[PDB]
Amino acid sequence: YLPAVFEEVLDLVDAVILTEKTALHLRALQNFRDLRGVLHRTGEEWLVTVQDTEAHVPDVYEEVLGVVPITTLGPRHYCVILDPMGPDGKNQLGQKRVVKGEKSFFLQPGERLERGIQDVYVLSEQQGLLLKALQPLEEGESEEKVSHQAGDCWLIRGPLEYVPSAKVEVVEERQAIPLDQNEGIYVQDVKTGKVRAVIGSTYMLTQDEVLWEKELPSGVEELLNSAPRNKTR
Amino acid sequence: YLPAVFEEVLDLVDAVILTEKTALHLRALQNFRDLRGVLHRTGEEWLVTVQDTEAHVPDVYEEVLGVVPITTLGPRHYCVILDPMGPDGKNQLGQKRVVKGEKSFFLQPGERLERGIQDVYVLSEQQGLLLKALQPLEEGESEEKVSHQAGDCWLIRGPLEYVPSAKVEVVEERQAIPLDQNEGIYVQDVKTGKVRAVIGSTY
């Protein structure tokens with residue numbers, strides 16, 4: 001290319017190789033159309049991928065930001081995208097989206113993940129999850145398909161795979177209570193304060209229950225005759 | 001070859017010998033067609049083998065990455081290929097494939113193995129494997145051909161050969177319990193907490 005008398009050469013541009021594992025983050029420096037003829041006003045940010053071109057060229061009206069990696073959610077992985085791209089083409093700022101199930105995408109412009117690629121909750125017959133409805137009376141959208149108030153809590157157990165819905169928060173992992181013949185623990189139903197003693201077979205704590213402490217007034221060294229006895233047992 | 005006035009010689013190229021035990025990993029530097037006339041866009045990566053040519057030549061539009069060894073799975077060997085090449089011709093990123101049974105292939109571009117050439121589980125009448133369904137209610141695809149929930153666990157025993165399916169994880173190797181006349185151990189059924197004492201024969 002011979003530079004004309006009126007033209008001035010600055011430098012060569014290198015079209016960054018767009019692979020399946022990478023995407024190009026660009027931003028408009030003025031109102032124009034890119035190589036594919038797409039309307040890009042000043043300030044707007046967009047992504048470029050293999051679907052568009054195998055190598056897009058940093059244009060004079062395009063500012064390169066970086067290289068977006070294909071956020072790959074494995075078969076038992078999930079993530080919570082903050083400020084997710086709505087259908088209108090703007091970030092839903094102050095909201096969040098949940099995605100999972102062998103999916104793979106590029107993180108849309110002006111977004112991020114809460115934790116970033118979390119392991120989908122998988123829990124057996126002896127493993128439970130205590131959840132809390134932080135938002136409002138969702139009768140659909142949860143495994144049970146039942147309404148949860150906005151503040152209360154509940155427990156989900158059974159051999160299944162759970163994931164934090166876009167309304168709820170996980171409180172704790174209900175576990176660790178195996179009982180046999182002539183053995184048990186004390187539990188207090190917090191809602192009513194009904195202290196009781198369950199014995200016999202293995203028992204997981206119902207949503208409103210919690211381990212209760214039974215004090216023995218100077219009768220410990222008698223019936224215990226090194227380790228401090230479990231006063232909830 | 002006499003270099004013309006307008007042409008400039010840089011250096012000689014050596015076509016790397018493609019054997020049955022080796023494959024050539026190449027990548028496109030621009031949109032073009034290779035010697036065999038195959039469409040290769042920029043950034044794309046492909047493999048070359050004895051099936052194509054006995055010695056393919058690093059071309060100017062081809063970038064040499066390395067030499068892929070034929071990953072040879074023996075008669076009692078297996079492997080778990082991460083990001084396996086789907087039928088569309090792209091890596092299924094975030095997934096994995098299981099292969100075994102005297103097989104031998106070249107690792108497709110942008111892939112790897114979990115452990116890399118594992119010994120297929122072989123276990124006698126006194127050897128068991130505790131497994132855990134990490135994923136969802138697979139009624140087919142396992143030896144038993146029965147559904148497993150997603151989180152529970154089960155045991156497989158008997159004189160057979162097992163392999164980790166593309167859904168399950170091995171927990172432990174059930175073994176080490178031989179009993180005879182007037183001998184036994186205490187066992188607790190964790191699901192119900194039913195502590196009991198089995199005696200007599202091996203269990």
# chains A, B, ... in the order shown; residues from 1 in each chain; ligands from 1
>>> interface_residues(of="chain A", to="chain B", cutoff="9 Å", atoms="only C-alpha atoms", output="VMD selection string")
chain A and resid 17 to 21 54 to 55 72 to 77 102 to 104 122 to 127 158 to 161 178 to 181 200 to 203
>>> residues_around(residues="residue 56 (chain B)", least_positions_apart="4", cutoff="12 Å", atoms="only C-alpha atoms", output="ChimeraX atom specification")
/B:13-19,22-26,34-36,47-52,62,64
>>> atom_distance(atom1="CA of residue 207 (chain A)", atom2="CA of residue 132 (chain A)")
10.2 Å
>>> atom_distance(atom1="CA of residue 157 (chain A)", atom2="CA of residue 209 (chain A)")
14.7 Å
>>> residues_around(residues="residue 148 (chain A)", least_positions_apart="4", cutoff="9 Å", atoms="only C-alpha atoms", output="list in words")
residues 132, 133, 135, 136, 137, 138, 139, 152, 153 and 154 of chain A
>>> residues_around(residues="residue 184 (chain B)", least_positions_apart="2", cutoff="10 Å", atoms="only C-alpha atoms", output="number ranges by chain")
B: 177-182, 186-187, 197-203
>>> atom_distance(atom1="CA of residue 168 (chain A)", atom2="CA of residue 142 (chain A)")
9.1 Å
>>> residues_around(residues="residue 80 (chain B)", least_positions_apart="3", cutoff="8 Å", atoms="only C-alpha atoms", output="short mmCIF file (atom, residue, chain, number, x, y, z; two decimals) with N, CA, C and O atoms, in the first residue's frame")
data_model
loop_
_atom_site.label_atom_id
_atom_site.label_comp_id
_atom_site.auth_asym_id
_atom_site.auth_seq_id
_atom_site.Cartn_x
_atom_site.Cartn_y
_atom_site.Cartn_z
N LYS B 96 -17.64 -34.22 29.28
CA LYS B 96 -16.59 -35.24 29.18
C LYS B 96 -17.10 -36.57 28.61
O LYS B 96 -18.27 -36.92 28.77
N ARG B 97 -16.19 -37.30 27.96
CA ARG B 97 -16.50 -38.56 27.29
C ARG B 97 -15.67 -39.69 27.89
O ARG B 97 -14.56 -39.46 28.38
N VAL B 98 -16.21 -40.91 27.85
CA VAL B 98 -15.51 -42.10 28.33
C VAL B 98 -15.26 -43.07 27.17
O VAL B 98 -16.16 -43.34 26.38
N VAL B 99 -14.03 -43.57 27.07
CA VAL B 99 -13.65 -44.50 25.99
C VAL B 99 -12.77 -45.64 26.52
O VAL B 99 -11.97 -45.43 27.44
N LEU B 113 -7.32 -35.43 28.99
CA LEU B 113 -7.91 -36.52 29.77
C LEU B 113 -7.88 -36.15 31.25
O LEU B 113 -7.01 -35.40 31.69
N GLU B 114 -8.83 -36.68 32.02
CA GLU B 114 -8.91 -36.41 33.45
C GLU B 114 -7.68 -36.94 34.18
O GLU B 114 -6.93 -36.18 34.78
N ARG B 115 -7.48 -38.26 34.10
CA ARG B 115 -6.30 -38.91 34.67
C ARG B 115 -5.32 -39.29 33.56
O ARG B 115 -4.12 -39.10 33.71
N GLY B 116 -5.85 -39.84 32.47
CA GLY B 116 -5.05 -40.20 31.30
C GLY B 116 -4.61 -41.65 31.33
O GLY B 116 -3.61 -41.98 31.97
#
>>> select_by_dssp(residues="region 75-194 of chain B", states="strand (DSSP E or B)", output="MDAnalysis selection string")
chainID B and resid 77:82 85 91 96:100 104:106 112:113 118:119 121:123 128:133 153:156 160:162 168:174 184:189 194
>>> residues_around(residues="region 204-206 of chain A", least_positions_apart="5", cutoff="8 Å", atoms="only C-alpha atoms", output="list in words")
residues 126, 128, 155, 174, 175, 177 and 187 of chain A
>>> closest_residue(among="B:125, B:20, B:8, B:139", to="residue 53 (chain B)", atoms="only C-alpha atoms")
B:20
>>> closest_residue(among="B:88, B:172, B:59, B:141", to="residue 127 (chain B)", atoms="only C-alpha atoms")
B:172
>>> residues_around(residues="region 106-109 of chain A", least_positions_apart="4", cutoff="8 Å", atoms="only C-alpha atoms", output="PyMOL selection string")
chain A and resi 23+25+45-47+68-71+84-85
>>> decode(residues="region 63-104 of chain A", atoms="N, CA and C atoms", output="PDB file, in the first residue's frame")
ATOM      1  N   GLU A  63     -12.801   0.729  20.019  1.00  0.00           N
ATOM      2  CA  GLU A  63     -11.795   0.679  21.076  1.00  0.00           C
ATOM      3  C   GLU A  63     -11.766  -0.723  21.672  1.00  0.00           C
ATOM      4  N   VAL A  64     -10.597  -1.360  21.654  1.00  0.00           N
ATOM      5  CA  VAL A  64     -10.459  -2.717  22.186  1.00  0.00           C
ATOM      6  C   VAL A  64     -10.354  -2.651  23.714  1.00  0.00           C
ATOM      7  N   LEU A  65     -11.161  -3.463  24.394  1.00  0.00           N
ATOM      8  CA  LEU A  65     -11.180  -3.503  25.858  1.00  0.00           C
ATOM      9  C   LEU A  65     -10.392  -4.706  26.366  1.00  0.00           C
ATOM     10  N   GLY A  66     -10.703  -5.882  25.828  1.00  0.00           N
ATOM     11  CA  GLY A  66     -10.006  -7.108  26.200  1.00  0.00           C
ATOM     12  C   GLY A  66     -10.497  -8.315  25.423  1.00  0.00           C
ATOM     13  N   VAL A  67     -10.247  -9.503  25.970  1.00  0.00           N
ATOM     14  CA  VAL A  67     -10.672 -10.755  25.348  1.00  0.00           C
ATOM     15  C   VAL A  67     -11.538 -11.540  26.335  1.00  0.00           C
ATOM     16  N   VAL A  68     -12.816 -11.706  26.001  1.00  0.00           N
ATOM     17  CA  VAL A  68     -13.763 -12.401  26.871  1.00  0.00           C
ATOM     18  C   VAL A  68     -13.634 -13.913  26.688  1.00  0.00           C
ATOM     19  N   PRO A  69     -13.384 -14.652  27.786  1.00  0.00           N
ATOM     20  CA  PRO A  69     -13.324 -16.108  27.702  1.00  0.00           C
ATOM     21  C   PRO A  69     -14.721 -16.720  27.753  1.00  0.00           C
ATOM     22  N   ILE A  70     -14.960 -17.755  26.949  1.00  0.00           N
ATOM     23  CA  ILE A  70     -16.246 -18.456  26.980  1.00  0.00           C
ATOM     24  C   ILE A  70     -16.455 -19.078  28.365  1.00  0.00           C
ATOM     25  N   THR A  71     -17.306 -18.443  29.168  1.00  0.00           N
ATOM     26  CA  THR A  71     -17.618 -18.931  30.508  1.00  0.00           C
ATOM     27  C   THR A  71     -18.326 -20.275  30.344  1.00  0.00           C
ATOM     28  N   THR A  72     -17.594 -21.349  30.631  1.00  0.00           N
ATOM     29  CA  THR A  72     -18.073 -22.712  30.390  1.00  0.00           C
ATOM     30  C   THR A  72     -18.598 -23.336  31.686  1.00  0.00           C
ATOM     31  N   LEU A  73     -19.915 -23.513  31.756  1.00  0.00           N
ATOM     32  CA  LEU A  73     -20.543 -24.208  32.874  1.00  0.00           C
ATOM     33  C   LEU A  73     -20.568 -25.706  32.586  1.00  0.00           C
ATOM     34  N   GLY A  74     -19.855 -26.477  33.404  1.00  0.00           N
ATOM     35  CA  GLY A  74     -19.828 -27.934  33.283  1.00  0.00           C
ATOM     36  C   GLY A  74     -21.169 -28.598  33.566  1.00  0.00           C
ATOM     37  N   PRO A  75     -21.201 -29.944  33.543  1.00  0.00           N
ATOM     38  CA  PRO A  75     -22.453 -30.695  33.701  1.00  0.00           C
ATOM     39  C   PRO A  75     -23.109 -30.572  35.079  1.00  0.00           C
ATOM     40  N   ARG A  76     -22.316 -30.249  36.097  1.00  0.00           N
ATOM     41  CA  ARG A  76     -22.816 -30.081  37.462  1.00  0.00           C
ATOM     42  C   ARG A  76     -22.340 -28.742  38.037  1.00  0.00           C
ATOM     43  N   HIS A  77     -22.288 -27.730  37.170  1.00  0.00           N
ATOM     44  CA  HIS A  77     -21.829 -26.387  37.524  1.00  0.00           C
ATOM     45  C   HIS A  77     -22.924 -25.359  37.242  1.00  0.00           C
ATOM     46  N   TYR A  78     -22.908 -24.257  37.991  1.00  0.00           N
ATOM     47  CA  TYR A  78     -23.849 -23.153  37.781  1.00  0.00           C
ATOM     48  C   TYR A  78     -23.201 -21.812  38.122  1.00  0.00           C
ATOM     49  N   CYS A  79     -23.890 -20.724  37.790  1.00  0.00           N
ATOM     50  CA  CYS A  79     -23.404 -19.378  38.095  1.00  0.00           C
ATOM     51  C   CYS A  79     -24.551 -18.378  38.183  1.00  0.00           C
ATOM     52  N   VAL A  80     -24.310 -17.272  38.886  1.00  0.00           N
ATOM     53  CA  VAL A  80     -25.307 -16.216  39.053  1.00  0.00           C
ATOM     54  C   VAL A  80     -24.814 -14.922  38.402  1.00  0.00           C
ATOM     55  N   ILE A  81     -25.265 -14.668  37.175  1.00  0.00           N
ATOM     56  CA  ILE A  81     -24.837 -13.491  36.416  1.00  0.00           C
ATOM     57  C   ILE A  81     -25.496 -12.222  36.957  1.00  0.00           C
ATOM     58  N   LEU A  82     -24.678 -11.298  37.458  1.00  0.00           N
ATOM     59  CA  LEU A  82     -25.159  -9.998  37.924  1.00  0.00           C
ATOM     60  C   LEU A  82     -25.324  -9.045  36.745  1.00  0.00           C
ATOM     61  N   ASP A  83     -26.356  -8.206  36.814  1.00  0.00           N
ATOM     62  CA  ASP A  83     -26.674  -7.242  35.758  1.00  0.00           C
ATOM     63  C   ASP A  83     -26.824  -7.910  34.384  1.00  0.00           C
ATOM     64  N   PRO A  84     -27.620  -8.994  34.306  1.00  0.00           N
ATOM     65  CA  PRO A  84     -27.721  -9.781  33.073  1.00  0.00           C
ATOM     66  C   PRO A  84     -28.315  -8.988  31.909  1.00  0.00           C
ATOM     67  N   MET A  85     -27.870  -9.294  30.693  1.00  0.00           N
ATOM     68  CA  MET A  85     -28.339  -8.590  29.502  1.00  0.00           C
ATOM     69  C   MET A  85     -29.796  -8.947  29.236  1.00  0.00           C
ATOM     70  N   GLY A  86     -30.672  -7.953  29.349  1.00  0.00           N
ATOM     71  CA  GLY A  86     -32.090  -8.145  29.071  1.00  0.00           C
ATOM     72  C   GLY A  86     -32.352  -8.307  27.585  1.00  0.00           C
ATOM     73  N   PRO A  87     -33.612  -8.593  27.216  1.00  0.00           N
ATOM     74  CA  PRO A  87     -33.973  -8.760  25.807  1.00  0.00           C
ATOM     75  C   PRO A  87     -33.900  -7.459  25.000  1.00  0.00           C
ATOM     76  N   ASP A  88     -33.996  -6.319  25.683  1.00  0.00           N
ATOM     77  CA  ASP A  88     -33.902  -5.005  25.033  1.00  0.00           C
ATOM     78  C   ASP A  88     -32.482  -4.646  24.576  1.00  0.00           C
ATOM     79  N   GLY A  89     -31.476  -5.276  25.181  1.00  0.00           N
ATOM     80  CA  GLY A  89     -30.074  -5.010  24.855  1.00  0.00           C
ATOM     81  C   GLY A  89     -29.401  -4.050  25.820  1.00  0.00           C
ATOM     82  N   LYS A  90     -29.858  -4.052  27.071  1.00  0.00           N
ATOM     83  CA  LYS A  90     -29.240  -3.271  28.141  1.00  0.00           C
ATOM     84  C   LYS A  90     -29.124  -4.134  29.393  1.00  0.00           C
ATOM     85  N   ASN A  91     -28.121  -3.845  30.216  1.00  0.00           N
ATOM     86  CA  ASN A  91     -27.892  -4.598  31.446  1.00  0.00           C
ATOM     87  C   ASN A  91     -28.986  -4.315  32.472  1.00  0.00           C
ATOM     88  N   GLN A  92     -29.606  -5.375  32.989  1.00  0.00           N
ATOM     89  CA  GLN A  92     -30.625  -5.244  34.029  1.00  0.00           C
ATOM     90  C   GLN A  92     -29.944  -4.978  35.370  1.00  0.00           C
ATOM     91  N   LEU A  93     -29.490  -3.739  35.556  1.00  0.00           N
ATOM     92  CA  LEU A  93     -28.671  -3.376  36.714  1.00  0.00           C
ATOM     93  C   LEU A  93     -29.491  -3.437  38.002  1.00  0.00           C
ATOM     94  N   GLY A  94     -28.954  -4.125  39.007  1.00  0.00           N
ATOM     95  CA  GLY A  94     -29.651  -4.335  40.277  1.00  0.00           C
ATOM     96  C   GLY A  94     -30.423  -5.645  40.338  1.00  0.00           C
ATOM     97  N   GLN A  95     -30.253  -6.486  39.317  1.00  0.00           N
ATOM     98  CA  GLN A  95     -30.902  -7.798  39.251  1.00  0.00           C
ATOM     99  C   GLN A  95     -29.848  -8.870  38.967  1.00  0.00           C
ATOM    100  N   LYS A  96     -30.272 -10.132  38.922  1.00  0.00           N
ATOM    101  CA  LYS A  96     -29.353 -11.238  38.641  1.00  0.00           C
ATOM    102  C   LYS A  96     -30.044 -12.457  38.021  1.00  0.00           C
ATOM    103  N   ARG A  97     -29.277 -13.210  37.233  1.00  0.00           N
ATOM    104  CA  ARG A  97     -29.771 -14.368  36.486  1.00  0.00           C
ATOM    105  C   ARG A  97     -29.025 -15.628  36.921  1.00  0.00           C
ATOM    106  N   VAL A  98     -29.696 -16.776  36.831  1.00  0.00           N
ATOM    107  CA  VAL A  98     -29.090 -18.075  37.145  1.00  0.00           C
ATOM    108  C   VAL A  98     -29.042 -18.954  35.892  1.00  0.00           C
ATOM    109  N   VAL A  99     -27.886 -19.567  35.636  1.00  0.00           N
ATOM    110  CA  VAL A  99     -27.699 -20.425  34.459  1.00  0.00           C
ATOM    111  C   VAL A  99     -26.911 -21.686  34.817  1.00  0.00           C
ATOM    112  N   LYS A 100     -27.251 -22.798  34.164  1.00  0.00           N
ATOM    113  CA  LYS A 100     -26.614 -24.096  34.421  1.00  0.00           C
ATOM    114  C   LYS A 100     -27.011 -25.157  33.388  1.00  0.00           C
ATOM    115  N   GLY A 101     -26.336 -26.303  33.433  1.00  0.00           N
ATOM    116  CA  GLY A 101     -26.700 -27.464  32.617  1.00  0.00           C
ATOM    117  C   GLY A 101     -25.882 -27.617  31.350  1.00  0.00           C
ATOM    118  N   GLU A 102     -24.579 -27.843  31.517  1.00  0.00           N
ATOM    119  CA  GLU A 102     -23.653 -28.068  30.398  1.00  0.00           C
ATOM    120  C   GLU A 102     -23.601 -26.893  29.411  1.00  0.00           C
ATOM    121  N   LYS A 103     -23.876 -25.685  29.897  1.00  0.00           N
ATOM    122  CA  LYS A 103     -23.983 -24.507  29.033  1.00  0.00           C
ATOM    123  C   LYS A 103     -22.630 -23.815  28.899  1.00  0.00           C
ATOM    124  N   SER A 104     -22.456 -23.074  27.808  1.00  0.00           N
ATOM    125  CA  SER A 104     -21.232 -22.308  27.571  1.00  0.00           C
ATOM    126  C   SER A 104     -21.548 -21.036  26.786  1.00  0.00           C
TER     127      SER A 104
END
